[PDB]
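Residue numbers start from 1 in every chain, and the chains themselves are labelled A, B, ... in the order their sequence lines are given, proteins ahead of strands. Note: hydrogens, waters and symmetry copies are ignored here, and every other heavy atom, side chains too, is used.
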There are 2 protein chains.
Amino acid sequence: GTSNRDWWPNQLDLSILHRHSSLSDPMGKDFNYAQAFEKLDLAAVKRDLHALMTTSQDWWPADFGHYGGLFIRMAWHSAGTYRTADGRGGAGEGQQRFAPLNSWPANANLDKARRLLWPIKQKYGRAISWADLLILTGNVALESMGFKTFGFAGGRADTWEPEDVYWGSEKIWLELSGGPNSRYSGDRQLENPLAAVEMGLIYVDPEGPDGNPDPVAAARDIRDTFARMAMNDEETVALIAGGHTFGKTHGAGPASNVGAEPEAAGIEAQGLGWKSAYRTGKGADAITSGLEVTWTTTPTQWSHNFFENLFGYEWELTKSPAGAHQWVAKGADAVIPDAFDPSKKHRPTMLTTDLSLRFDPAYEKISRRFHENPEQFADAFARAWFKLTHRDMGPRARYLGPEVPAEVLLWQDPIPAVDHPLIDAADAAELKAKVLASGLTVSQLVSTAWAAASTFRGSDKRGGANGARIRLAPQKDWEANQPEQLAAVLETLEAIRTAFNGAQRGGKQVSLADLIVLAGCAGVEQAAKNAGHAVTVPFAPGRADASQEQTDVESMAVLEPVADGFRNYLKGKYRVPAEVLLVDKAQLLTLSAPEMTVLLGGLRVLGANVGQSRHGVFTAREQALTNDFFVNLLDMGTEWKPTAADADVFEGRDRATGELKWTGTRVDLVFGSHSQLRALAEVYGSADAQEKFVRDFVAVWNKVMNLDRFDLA
Amino acid sequence: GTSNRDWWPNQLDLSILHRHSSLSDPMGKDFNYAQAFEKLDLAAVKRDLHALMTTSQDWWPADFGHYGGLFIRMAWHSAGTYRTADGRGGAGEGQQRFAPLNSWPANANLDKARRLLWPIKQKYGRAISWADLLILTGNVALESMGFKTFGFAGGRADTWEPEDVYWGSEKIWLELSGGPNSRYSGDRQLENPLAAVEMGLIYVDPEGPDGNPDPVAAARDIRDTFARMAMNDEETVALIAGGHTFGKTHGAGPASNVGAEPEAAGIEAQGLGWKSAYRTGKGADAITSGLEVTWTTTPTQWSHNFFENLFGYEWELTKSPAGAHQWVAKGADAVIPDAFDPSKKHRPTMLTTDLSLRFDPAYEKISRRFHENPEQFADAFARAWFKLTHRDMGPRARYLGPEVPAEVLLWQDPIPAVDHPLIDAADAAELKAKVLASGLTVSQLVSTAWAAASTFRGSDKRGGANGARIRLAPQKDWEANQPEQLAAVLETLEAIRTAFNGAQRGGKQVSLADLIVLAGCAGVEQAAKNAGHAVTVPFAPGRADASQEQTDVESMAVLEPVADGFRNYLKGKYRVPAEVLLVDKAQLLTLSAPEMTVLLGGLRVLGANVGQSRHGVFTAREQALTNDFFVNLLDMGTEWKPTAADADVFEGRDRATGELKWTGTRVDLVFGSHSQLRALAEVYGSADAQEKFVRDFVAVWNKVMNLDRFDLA
Ligand code: HEM
Ligand code: HEM
Ligand code: NA
Ligand code: NA
């Protein structure tokens with residue numbers, strides 16, 4: 001069946017903005033997961049999970065009689081797809097149960113793990129999501145095996161179709177670097193936004209880079225990919241050694257015995273995959289990764305035996321029974337228990353990537369410290385597991401249930417509690433009149449509030465206007481934010497604030513975060529008045545101001561917009577065309593195509609462009625809120641051509657005289673070119689549409705201003 | 001960007017059920033197009049279209065000073081994609097303006113035609129849809145040139161994204177038959193559901209079959225494709241000769257001068273395509289099809305000169321300036337005017353497919369009658385043009401505006417007017433109790449109402465329970481409908497009806513169409529009661545009973561379900577897997593994936609399978625409305641394998657004992673296999689889901705019963 005994708009494989013794809021419709025969702029449109037979860041008996045679920053750990057099923061028997069290691073791995077894979085570049089991936093939507101992640105080679109036999117959880121999921125129904133259950137199961141596994149966790153938050157709502165994520169361009173699973181779709185170039189530079197070394201892996205190749213078993217070069221890939229998942233050296237060593245305290249790998253015979261991944265298997269397999277023709281196909285004969293390593297002498301119990309073994313032996317390169325590279329301890333006795341046969345024991349073994357923790361010099365110092373001070377290892381792993389499994393959940397206001405840790409962590413981008421009366425509607429009217437009387441323009445007011453709010457991304461629920469981080473490093477210096485113009489606006493708003501706060505009784509005060517957003521609303525109201533329309537823009541107070549010490553500058557760098565079509569901004573030249581980058585940004589802001597359309601047309605005429613560029617400013621009444629962008633864009637009296645100097649800039653000329661009327665970028669003109677976008681632009685550029693344009697614009701403006709407002713839920 | 005479709009190209013695609021979401025729609029969710037249209041000043045729009053006809057734009061000058069021919073072709077191609085096999089295609093959703101149709105080769109330069117209409121669309125805004133405007137413009141063209149049309153109905157709501165239609169498997173535009181994706185097999189048998197001879201054509205190749213200029217062989221393709229668009233011989237001849245009374249073709253120079261179609265063109269082209277490097281690229285130099293034919297001596301005036309020329313000359317095979325085969329009149333004078341140069345004249349010319357009208361012997365008799373009696377030609381054409389342009393609009397209740405023809409046509413599947421009081425809620429409860437006391441079972445009641453209602457297809461809005469056509473030929477004999485069981489049910493319901501109607505005063509009566517649906521409602525209520533649940537299933541009366549004389553039996557043949565997964569029914573063996581056919585049926589019924597899932601699980605346990613097959617009947621309490629289908633399907637204690645006899649039938653056996661518990665088809669087991677469907681099945685198979693299952697089942701049942709109820713809007 002030939003599709004539009006087949007004929008025009010480079011046309012823009014708008015269907016990523018219309019996912020997650022009420023159509024695909026089986027729950028009612030009033031379903032609120034937070035409310036269902038807050039009534040769950042969480043203690044009862046944990047008891048059932050504890051029982052499950054040692055209730056072996058014959059279709060996938062438990063190693064050592066205990067499923068703990070399998071479930072820790074299941075939870076670390078759920079969380080492990082996270083990339084800090086876009087916030088996409090992670091455990092927070094339960095995507096491991098959908099394509100493609102359900103079928104990634106690195107997720108082999110996690111299908112079995114999820115199926116073992118079906119009875120519990122069934123018993124508790126809508127009150128616990130799959131997404132929450134995968135993480136909670138990991139926690140229970142750790143607890144069952146003697147490790148005390150740092151805590152747990154519920155609230156990850158289930159999703160019902162696959163997320164649109166760019167996982168890479170390779171067309172072969174586990175393709176090694178340098179191919180026609182290589183994710184690597186230069187001196188082993190991994191392309192943004194990717195955070196894994198091969199297609200279908202979580203972070204790195206356990207045999208070493210491109211399969212070459214050198215622990216030192218593996219360490220370099222470990223460091224780069226874990227940093228791209230927001231983890232530093234200490235967290236990385238704690239997580240890897242912590243995880244590999246438990247369980248085992250599975251490589252009992254050749255990989256060619258393993259059949260189709262779940263999305264390719266027959267219908268009779270009922271959602272499972274990787275069926276194996278090697279001996280019994282499971283248990284003692286299991287094949288998952290192809291490696292055959294068991295790390296400690298008590299694989300079902302928390303121990304300090306990982307680092308005793310790593311440092312206490314010298315290591316020899318060898319091969320598993322499937323042919324994979326792995327390491328065995330020189331001269332050791334057979335001290336490692338067998339998973340099924342009490343009369344067998346095995347020598348200690350390690351992956352190349354485990355040896356990285358000893359042979360990379362910076363890791364070695366951390367690993368030695370953890371070896372000599374196991375209580376520090378325990379605490380570091382507990383904190384890192386919490387971070388790993390919660391890093392994509394967003395502000396602490398979304399954390400549900402009775403095990404949420406009280407300690408505030410820097411990586412949560414924390415926002416102080418509000419402890420004072422908030423401004424009311426009379427106060428807001430007074431503050432808007434003050435903002436307008438100060439001389440700040442529409443363009444300055446709109447641009448500043450857009451800059452503050454538009455850092456939000458729905459993928460990990462980071463960013464937005466709450467916190468007033470626009471005033472702090474590094475946001476205040478981002479080129480897209482226009483740092484000199486920004487400084488002058490914030491200085492005037494800070495004087496307004498100081499004067500209003502100084503006059504109040506009781507404890508009433510306004511935060512700068514609220515005033516930035518309020519001043520943007522006044523801008524939009526003034527712009528509507530310039531056009532002859534009487535419009536009130538909704539505002540909700542309650543934002544608070546975070547400090548510089550609560551704002552990790554390195555972690556904040558990934559929110560920098562290097563492309564923001566809403567301000568017609570591009571920081572450099574990229575391989576991806578600018579209109580694909582606009583749709584990507586709309587997706588992170590949670591906008592539909594009609595919302596993206598309205599929003600961009602309105603921003604153009606209000607003067608939100610970076611550096612006051614005229615590109616896309618198709619109006620003779622700038623700073624007035626009108627539908628001019630659409631009416632002028634669609635005027636067939638104008639002809640467009642790319643410029644000689646720059647192919648990404650276009651001149652719009654009167655068709656009859658040749659006279660220049662406008663210029664635009666690709667972000668501008670795509671609205672008059674892409675056949676779906678142009679259909680939307682036509683609605684807003686019609687003669688009956690001016691009031692609809694204004695109303696829709698105010699709605700989407702308000703939506704963006706509130707994206708991070710999880711305190712108002 | 002590698003996608004799920006790239007890795008698993010044969011997995012089922014559920015996204016076709018979730019198009020047309022409120023997310024992608026720029027109009028508000030209360031927008032009602034019918035209400036906007038009913039206030040349009042249609043006379044004022046027609047006056048503007050009339051002025052447009054002779055107002056040439058320089059970017060695409062009008063042939064002969066008149067855009068009429070161009071707009072008739074635009075309106076004929078908008079309607080000409082219709083296929084009777086599935087009802088997909090046609091003019092009713094304005095799909096010509098989206099991909100792929102906007103870029104089909106046969107639609108070359110219609111982009112210019114649509115752009116000419118933008119100023120009128122802009123003026124009238126939401127009160128006239130693009131869909132309606134395309135057709136209206138064609139009508140006004142005809143009127144302006146002296147032809148009396150049969151009428152016009154508004155009401156085609158605009159759509160906002162491409163519809164998912166199977167247009168063929170070819171990967172090359174206009175690929176000749178016999179390739180690796182051939183749409184032809186056997187003795188030139190075109191595969192259902194296609195209705196064109198090549199990918200990107202409307203019906204046929206104007207040069208002749210696979211480019212061979214034989215009028216006789218071309219006639220066979222004309223007849224076959226037009227029949228597949230619901231047009232007989234008379235209507236076919238009227239349409240082709242009627243259309244080719246006007247205007248001209250465009251082939252002034254070689255085709256290699258013509259650039260990229262609209263979806264492939266550069267962004268600067270602003271949605272237009274086929275830019276030509278041949279001389280001025282337009283007007284006198286235009287290239288569209290590559291043919292260069294002008295049929296009549298007054299191309300901008302209705303005449304009977306097409307048939308005067310077709311019969312008054314002998315014809316010689318020749319070539320256009322682009323190299324296409326075409327025909328020229330032997331020994332004729334230069335009598336045909338030139339489109340731009342008043343001092344030039346040309347000889348009469350024809351397409352191969354024009355000459356089909358004279359050299360096929362059945363066409364020749366009709367064409368001679370139309371030649372001798374041009375008043376008959378005019379009436380046939382008017383009726384055919386109406387049918388062509390309205391055939392996908394659905395029941396007459398959807399027709400809006402002041403020009404709707406009052407004559408009721410057989411192809412409209414007409415429903416008589418209701419002229420008596422309707423039954424009220426107390427009457428409906430009395431009739432339900434009488435149906436249940438007759439002895440009819442849950443299974444008989446649900447199966448009969450499902451059979452009557454499930455013929456609906458949202459592609460052309462044909463079928464549904466209104467009319468009670470299930471009691472007439474040919475429905476009453478369709479194998480899926482279980483003809484002997486159906487006849488017994490209808491006999492009992494007809495006695496109930498006769499008794500209730502005989503006892504009334506004051507005109508009140510119940511139609512059999514309403515009683516069939518009410519009886520199905522009683523069945524569902526009883527099934528809920530058998531499970532321990534009291535529900536009321538909504539019912540809306542107002543259907544009427546059509547007669548056999550108002551039912552075209554041949555036209556009804558395309559509504560026969562040959563695959564109906566909801567009844568576990570497959571009439572024969574097909575190339576396409578049965579699960580793909582289930583999703584295709586759900587799309588025709590307008591169901592989402594959650595609605596399809598609920599509905600199928602419920603139908604299984606209510607006994608709706610054809611022939612009382614136990615396949616998929618995963619319950620020990622058949623005829624009770626429970627979620628047993630889902631609970632049992634998802635039980636990991638059962639193992640499934642295909643049978644030896646039949647690979648499309650599966651046995652479900654206890655995993656521990658080997659005991660046979662169930663059997664199912666691919667349609668049953670897909671719900672436990674496909675990762676998105678299994679996620680939906682899990683929600684309904686949870687321990688907390690019984691009330692949700694019942695409520696959602698009742699909702700989707702009611703939706704299906706009401707699909708054709710455009711009288712209630
Ligand atoms: C450099 C990063 C890492 C690499 C290359 C990696 C590699 C692997 C591989 C190849 C397996 C074997 C799969 C099989 O054949 O069954 C595995 C098992 C496992 N990993 Fe990791 N690992 C990494 C980090 C982690 C982390 C961060 C955790 C958890 C905090 C984790 C916990 C586990 C556990 C518990 C198992 C045992 C599974 C079982 O008992 O079935 N690993 N690892
Ligand atoms: C066997 C069926 C048909 C074939 C093969 C056919 C073929 C074509 C071709 C190849 C063109 C020239 C495109 C160009 O170069 O500009 C054309 C023009 C046209 N056709 Fe058809 N046609 C068919 C049926 C119809 C019908 C059913 C109608 C309307 C009732 C229609 C109305 C027209 C008109 C009005 C034009 C003139 C366009 C203009 O003036 O720009 N045709 N036809
Ligand atoms: Na994410
Ligand atoms: Na249709």
So which of B:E170, B:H674, B:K123 has the largest heavy-atom pair count under 4.5 angstrom toward chain A?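 Highest number of heavy-atom pairs under 4.5 Å: B:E170.
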
Determine the option with the most heavy-atom pairs under 4.5 angstrom with chain A, choosing from B:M27, B:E595, B:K641.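 So the answer, after comparing B:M27, B:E595, B:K641, is B:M27.
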
Heavy-atom pairs under 4.5 Å with chain B: which of [options] has the most?
options	result
A:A265, A:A689, A:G168	A:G168
A:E261, A:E639, A:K121	A:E261
A:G266, A:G672, A:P9	A:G672
A:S103, A:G125, A:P26, A:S22	A:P26

Does this structure show an ion pair linking A:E579 with A:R666, if we count only N-O contacts that are shorter than 4.0 Å?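 Between A:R666 and A:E579 there is a salt bridge, with a charged N closer than 4.0 Å to a carboxylate O.
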
Identify whether the distance between the nearest side-chain nitrogen and carboxylate oxygen of A:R19 and A:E163 falls below 4.0 Å.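 No, this pair does not count.
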
Is it the side chain or the backbone of [X] that comes within 4.5 Å of chain B heavy atoms, both, or neither?
X	value
A:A264	both
A:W59	side chain
A:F671	neither
A:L12	neither
A:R115	side chain
A:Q676	both

Stepwise side-chain hydrogen bond (donor to acceptor under 3.5 Å, both in side chains) check, A:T2 with B:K171: CA-CA 7 Å; A:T2 316; B:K171 306 279 185 285; 3.0 Å; yes

Please tell me whether A:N102 and A:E263 have a donor and an acceptor in their side chains that are separated by less than 3.5 angstrom.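 Distance-only check passes for A:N102 and A:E263.
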
Kindly determine whether B:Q57 and B:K112 satisfy side chain to side chain contact (heavy atoms under 4.5 Å, CB included), including the steps that lead there. CA-CA 10 Å; B:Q57 295 292 323; B:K112 309 306 180 299; over 6 Å; no

Side chain, backbone, both or neither: which part of B:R97 has a heavy atom under 4.5 Å from chain A?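 It is both, since atoms from each part get that close.
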
Non-hydrogen atoms of chain A under 4.5 Å away: do they reach the side chain of B:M199, the backbone, both or neither?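 Contact with chain A is through the side chain of B:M199 alone.
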
is_close_aromatic(B:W167, B:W104), centroid dist under 6.0 Å: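 Centroid distance B:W167-B:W104: below 6.0 Å, so yes.
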
